[PDB]
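Read top to bottom, the protein sequences are chains Mj, Mk, Ca and Cb.
Following the authors' numbering, the numbering of the first sequence begins with 37 at its first residue and continues without gaps.
Following the authors' numbering, the numbering of the second sequence begins with 37 at its first residue and continues without gaps.
Here the third sequence stands for residues 71 to 182, 191 to 258, 269 to 378, 384 to 407, where the numbers follow the authors' numbering.
Here the fourth sequence stands for residues 349 to 378, 384 to 407, where the numbers follow the authors' numbering.
C-beta atoms are modelled at their ideal positions from N, C-alpha and C, and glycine is treated no differently.
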Amino acid sequence: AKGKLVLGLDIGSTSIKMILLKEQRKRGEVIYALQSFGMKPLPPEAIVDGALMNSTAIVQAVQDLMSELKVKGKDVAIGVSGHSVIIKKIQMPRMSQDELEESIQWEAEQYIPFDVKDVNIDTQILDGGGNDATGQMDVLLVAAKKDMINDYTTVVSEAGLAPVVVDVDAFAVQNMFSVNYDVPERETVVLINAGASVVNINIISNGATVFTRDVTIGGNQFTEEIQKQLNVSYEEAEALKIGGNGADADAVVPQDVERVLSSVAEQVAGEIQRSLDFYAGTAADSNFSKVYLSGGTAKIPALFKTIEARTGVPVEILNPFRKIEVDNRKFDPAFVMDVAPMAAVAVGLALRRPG
Amino acid sequence: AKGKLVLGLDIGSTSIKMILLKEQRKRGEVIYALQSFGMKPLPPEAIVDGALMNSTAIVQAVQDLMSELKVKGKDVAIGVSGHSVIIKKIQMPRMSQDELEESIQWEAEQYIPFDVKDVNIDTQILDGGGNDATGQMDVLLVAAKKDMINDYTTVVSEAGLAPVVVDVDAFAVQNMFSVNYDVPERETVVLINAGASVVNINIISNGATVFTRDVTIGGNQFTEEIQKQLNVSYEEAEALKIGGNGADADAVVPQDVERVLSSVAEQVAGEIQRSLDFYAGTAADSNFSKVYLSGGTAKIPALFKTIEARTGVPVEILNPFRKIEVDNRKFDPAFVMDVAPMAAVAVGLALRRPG
Amino acid sequence: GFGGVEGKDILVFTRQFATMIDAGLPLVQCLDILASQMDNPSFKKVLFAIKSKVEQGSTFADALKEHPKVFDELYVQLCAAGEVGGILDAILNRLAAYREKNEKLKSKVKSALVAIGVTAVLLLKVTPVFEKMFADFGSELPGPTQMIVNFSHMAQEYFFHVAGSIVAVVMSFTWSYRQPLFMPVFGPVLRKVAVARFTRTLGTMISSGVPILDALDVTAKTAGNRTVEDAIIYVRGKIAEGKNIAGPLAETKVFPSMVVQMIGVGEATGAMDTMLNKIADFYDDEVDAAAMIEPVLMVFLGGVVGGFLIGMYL
Amino acid sequence: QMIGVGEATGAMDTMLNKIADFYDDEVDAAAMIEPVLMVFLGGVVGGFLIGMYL
Ligand SMILES: Nc1ncnc2c1ncn2[C@@H]1O[C@H](COP(=O)(O)OP(=O)(O)OP(=O)(O)O)[C@@H](O)[C@H]1O
Ligand SMILES: Nc1ncnc2c1ncn2[C@@H]1O[C@H](COP(=O)(O)OP(=O)(O)OP(=O)(O)O)[C@@H](O)[C@H]1O
Ligand SMILES: [Mg+2]
Ligand SMILES: [Mg+2]
């Protein structure tokens with residue numbers, strides 16, 4: 037039933053973020069426009085292995101998010117953990133919708149290392165509106181062990197929220213750039229979301245996803261190596277990462293820190309070259325085009341130049357908030373730009389919510 | 037039901053060790069962190085041939101572990117004896133989960149020299165999330181004669197503990213390095229756990245186990261040869277091994293001892309070359325990469341250099357505890373490092389327990 | 071409002087699907103074959119529609135859902151349980167055995191609550207009702223008492239008749255329950281049923297396009313009678329060695345001279361598919377005719398009734 | 349199809365003899386002779402019961 041819902045970053049692991057866009061009126065005209073945004077560091081013990089495992093504490097945190105937001109809306113879209121979802125493509129024959137859903141569940145049964153006991157939702161990588169009966173089916177299945185979804189629904193229920201869409205982050209992060217992707221439509225673009233629990237790669241022709249791949253490595257790895265090499269707590273190692281790696285006065289600390297994070301840098305680059313090579317299936321004589329970055333782990337100083345020179349692709353930060361109207365009297369464009377990578381998904385399923 | 041459980045080293049044979057990691061809060065941030073660790077030499081007659089065969093005495097010992105720990109938690113993950121478990125790979129067709137479990141039991145029926153009367157648990161060496169119906173199944177079966185598991189459950193029951201996971205040591209020892217393995221993901225790594233009852237080899241690409249093999253030879257062999265050649269008791273021969281082989285003043289005793297242990301050294305090297313050659317099935321023209329060691333039998337002085345030069349692979353000790361936050365005010369990093377090889381599994385299934 | 075299909079006709083079709091699917095044919099090709107071998111239109115017509123859903127990618131369970139008046143909820147759930155667990159082959163074998171037991175049980179009440195339940199209450203008490211009603215025509219019959227006795231004594235003397243009624247019941251129950269040293273000489277060998285099933289299965293896989301030897305290797309794994317399985321392994325071993333199909337059969341008593349002579353024509357004609365289809369239909373009809386399960390009912394039916402009536406009179 | 353094989357093989361005699369004996373045995377076995390029994394079986398029974406009822 038139509039409200040403009042809301043959007044949290046429920047699988048932030050480092051941070052629970054939430055965004056309210058609705059249609060803001062100006063001079064008798066209206067359009068999607070940022071109304072509020074809030075962010076709180078996730079209190080751990082909330083999430084373990086991608087499952088919400090202190091539904092109570094997470095509830096209270098989400099309530100704090102709604103209060104800091106000053107939002108009256110109580111409907112929400114959210115996302116599952118990349119560690120909690122299996123995403124992969126699947127080839128079938130299209131037919132009746134029931135026969136597809138059953139046949140889909142039958143093929144993915146092979147694909148799921150758990151009982152069902154499992155969440156199945158597909159979408160077709162090409163418009164069904166393009167092919168004849170019995171021919172040329174392609175669906176991608178998102179499958180999730182059951183009570184990741186439960187846990188999240190409990191969290192949402194006691195926060196006073198009502199969920200309408202439980203989406204996935206690797207595609208929700210794309211809704212902000214889906215327009216700017218839709219304008220170049222034979223161009224192959226990569227999108228990396230370097231988060232705290234996972235790094236997702238999704239590669240597209242236009243805003244048409246060609247594939248996705250999720251890598252266990254993330255910013256938690258950099259923080260954990262700093263912590264290892266200076267027997268620090270996770271918080272002070274995280275700050276040493278953030279402010280340590282990027283200050284103008286940091287000239288003495290990129291040896292101490294960079295020598296700590298160098299293994300993670302090499303091995304992340306090895307994983308990304310890994311996935312990219314595992315894609316290049318059909319065009320044995322071509323090259324790449326252009327790619328963007330999201331997630332706070334991206335904001336590692338100089339990491340964009342490093343990925344650019346190492347993967348042979350131009351890797352650029354992007355401002356999601358360009359998709360939405362922003363009142364300059366209520367939001368500074370500079371800070372908005374600063375927190376854009378963390379918030380990409382956080383506005384992602386948020387354009388999913390007035391949709 | 038969610039507690040952070042606990043973890044003993046129940047099949048230590050030489051030592052019952054136990055570890056409590058939970059999420060320690062600092063400055064409003066939290067993370068997995070060592071809370072306690074305890075170790076007691078196993079009173080023998082407790083374990084024979086890998087079965088718990090004085091469930092009462094083992095119970096009282098585990099109670100002493102919980103008291104020395106000062107832990108209030110009463111849930112536990114533990115492990116079976118390597119001598120009590122058959123681990124091997126098995127090729128099938130994936131399908132429905134029931135049809136897999138039955139077909140798995142049907143194939144391993146061939147694999148088990150006992151009635152069932154036998155424990156069957158599988159996991160897929162590759163993500164099921166990668167293959168289509170009827171095709172490309174690979175599971176590895178852990179099978180255990182029944183009351184090894186019983187005996188352990190009796191021990192756990194009268195210690196006031198409640199088991200939630202009965203894991204296996206060759207893979208539990210890996211959870212501490214599973215991250216540092218997950219960062220190099222086409223690299224083939226070997227992991228040796230030289231214990232007192234068995235030496236396990238597991239070899240991986242990334243943190244993806246390719247295979248495991250268990251060798252009857254262990255540190256009990258070195259101790260037993262020392263005992264044979266000087267008609268000593270097992271304890272004084274064990275101390276002569278430990279302190280005898282490694283002191284700075286030991287210059288006169290590596291002839292007397294090394295001549296005693298030289299057969300065991302040669303023949304262990306022969307077993308490890310044996311297993312390594314029995315793996316090299318597909319890459320007839322390649323070499324090895326890097327490997328780590330765990331278990332106290334590893335800590336034989338110079339044994340790492342010997343295995344390194346003899347097997348043609350760099351064999352290195354590793355600090356598990358790098359995976360967990362360690363408060364320097366409650367634990368000395370030096371001693372933690374010293375007891376790391378013995379405790380690798382002891383924190384292993386212990387990251388399995390808040391998982 | 072739509073009806074299902076006959077017990078016979080569910081039987082034939084569930085058997086022949088279980089057989090083709092356990093042969094490793096694709097499910098859609100299994101579906102095509104049984105439709106194309108069907109004699110009734112309503113079956114060939116449905117099975118084209120079930121196959122049309124399977125080629126859109128739906129499960130067999132979800133495709134049969136288009137005919138809930140024919141395949142009930144319990145049937146689909148058995149299929150769907152097989153599809154979910156990777157055991158579609160063994161649940162179809164179970165369903166084929168189920169459908170066979172169902173048809174046989176139907177013929178065999180009716181011959182001489192559904193219809194079987196209503197007819198079986200109705201036959202089990204018909205007589206004992208007759209009986210109570212002749213013995214309720216007034217007082218001072220043969221064997222009674224006068225009504226003024228004390229009730230307990232009156233009821234105990236009649237115990238004769240209460241007994242002759244229960245025996246009448248037990249009998250009609252027995253007829254309804256039953257009715258739906270040379271050691272090797274004692275083993276159950278191949279019957280008419282087992283030959284009819286064999287012939288249908290082979291007629292089925294040949295009409296579909298499988299060779300003889302591929303059909304025999306499937307059949308030798310799906311034959312229920314052990315002695316026939318041993319027979320069929322020997323027939324397949326002989327044929328695979330280059331002996332002529334009619335000659336491997338002629339060694340085994342279960343194949344008549346006509347069967348062998350007909351198969352021997354089919355070898356020289358490239359028409360074995362159909363020789364087997366006509367043999368199988370002939371056998372299936374001989375099976376369903378095979384009649385003493387209904388005459389012996391009636392022997393015990395009226396024979397017990399008459400024994401009661403005689404009993405008290407005397 | 350069987351006759352069509354017999355034409356090309358010079359074995360129409362053998363073909364026709366086996367066709368004929370197949371038919372002669374199908375004839376002497378001979384399904385509507387049993388269904389129409391039952392139609393009149395219970396149909397008459399039921400006609401009686403209804404007859405006095407009314
Ligand atoms: N300036 C910076 N330099 C380096 N790292 C940073 C910086 N800012 C944030 N990070 C890292 O980015 C991570 C948080 O980013 P973000 O909130 O986008 O990830 P997330 O979406 O919460 O994680 P996930 O979705 O993977 O659970 C933290 O691990 C943090 O250490
Ligand atoms: N410094 C040392 N030098 C040589 N050997 C040692 C040293 N320290 C421990 N050991 C040997 O290591 C063994 C104990 O190590 P550890 O506790 O890791 O094995 P375990 O896990 O108890 O055995 P298992 O799991 O095989 O039952 C003992 O046999 C002991 O003799
Ligand atoms: Mg994120
Ligand atoms: Mg051990």
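Query: Cβ neighbours of residue 137 of chain Ca in the same chain (closer than 6 Å, five flanking residues each side left out); Result: 116
Query: Nonlocal neighbours in the same chain, by C-beta distance under 8 Å from residue 360 of chain Ca, ignoring five residues either side; Result: 294, 300, 333, 351 and 354
Query: Closer than 7 Å to ligand 3: residues, by C-beta to nearest heavy atom, in chain order; Result: Mj:45, Mj:47, Mj:48, Mj:205, Mj:229, Mj:231, Mj:331 and Mj:381
Query: Check: residue 353 of chain Mj C-beta below 8 Å from any heavy atom of ligand 1; Result: no
Query: DSSP three-state assignment for residue 358 of chain Ca, whether helix, strand or coil; Result: coil
Query: Closer than 8 Å: residue 51 of chain Mj CB and nearest ligand 1 heavy atom; Result: yes
Query: Residues of its chain near residue 230 of chain Mj, where Cβ-Cβ distance is below 6 Å and the 5 sequence neighbours each way are ignored; Result: 331, 333 and 334
Query: Residue range of the unbroken beta strand (DSSP E) whose run includes residue 198 of chain Mj; Result: 198 to 204
Query: Reduced DSSP secondary structure (H/G/I, E/B, other) of residue 273 of chain Mk; Result: helix
Query: Check: residue 342 of chain Mj C-beta below 8 Å from any heavy atom of ligand 1; Result: no
Query: Neighbourhood of residue 118 of chain Mj by C-beta distance below 8 Å, restricted to the same chain and skipping five residues each side; Result: 47, 86, 204, 205, 206, 231, 233, 234, 236 and 250
Query: Segment contact flag, the stretch 90 to 109 of chain Ca with the stretch 155 to 172 of chain Ca, C-beta cutoff 8 Å, min 3 pairs; Result: yes
Query: Proximity of residue 175 of chain Mk and residue 158 of chain Mk at Cβ, strictly below 9 Å; Result: yes
Query: Residue interval of the alpha helix (DSSP H) (run including residue 125 of chain Ca); Result: 111 to 125
Query: Residues of the stretch 185 to 202 of chain Mj with Cβ closer than 9 Å to any Cβ of chain Mk, in chain order; Result: none
Query: CB contact below 9 Å: residue 99 of chain Ca versus chain Mj; Result: no
Query: C-beta contact flag for residue 72 of chain Mk and residue 187 of chain Mk at 9 Å; Result: no
Query: Min CB distance residue 353 of chain Ca to chain Cb below 9 Å; Result: yes
Query: Inter-residue spacing [alpha-carbon to alpha-carbon] between residue 170 of chain Mj and residue 118 of chain Ca; Result: 14 Å
Query: Within chain Cb, partners of residue 350 of chain Ca - CB distance below 7 Å; Result: 366 and 370
Query: Under 7 Å by beta carbon: chain Mj residues contacting residue 123 of chain Ca; Result: 131, 132 and 135
Query: Residue 230 of chain Mk (DSSP reduced to helix, strand or coil); Result: strand
Query: Residue 308 of chain Mk vs residue 329 of chain Mk beta-carbon contact at 9 Å; Result: no
Query: C-beta atoms of residue 57 of chain Mk and residue 386 of chain Mk nearer than 9 Å; Result: yes
Query: Backbone CA spacing between residue 366 of chain Cb and residue 302 of chain Ca [nearest angstrom]; Result: 27 Å
Query: Residue from Ca:139, Ca:165 and Ca:140 with nearest C-alpha to residue 149 of chain Ca; Result: Ca:165
Query: Start-end ranges of the beta strand (DSSP E) lying completely within the stretch 110 to 140 of chain Mk, minimum 3 residues; Result: 111 to 116 and 121 to 128
Query: Interface residues of chain Ca facing residue 373 of chain Cb [CB-CB closer than 9 Å]; Result: 346 and 370
Query: Local Cβ density within 10 Å of residue 141 of chain Mj, reported as buried at 16 or more and exposed below that; Result: buried
Query: Within chain Mk, partners of residue 122 of chain Mj - CB distance below 9 Å; Result: 163, 164 and 165
Query: Under 9 Å between C-beta atoms of residue 122 of chain Mk and residue 161 of chain Mk; Result: no
Query: Neighbour flag for residue 74 of chain Ca against chain Mj, beta carbons, 9 Å; Result: no
Query: Chain Mj contacts made by the stretch 130 to 146 of chain Ca, where a contact means CB separation under 8 Å; Result: 131, 132, 133 and 135
Query: Interface partners of residue 151 of chain Mj on chain Mk, CB under 8 Å; Result: 133
Query: Members of the stretch 359 to 378 of chain Mk that neighbour chain Mj once the beta carbon cut-off is set at 9 Å; Result: 359, 361, 362, 363, 364 and 369
Query: Three-way DSSP call (helix, strand, coil) for residue 367 of chain Mj in this model; Result: coil
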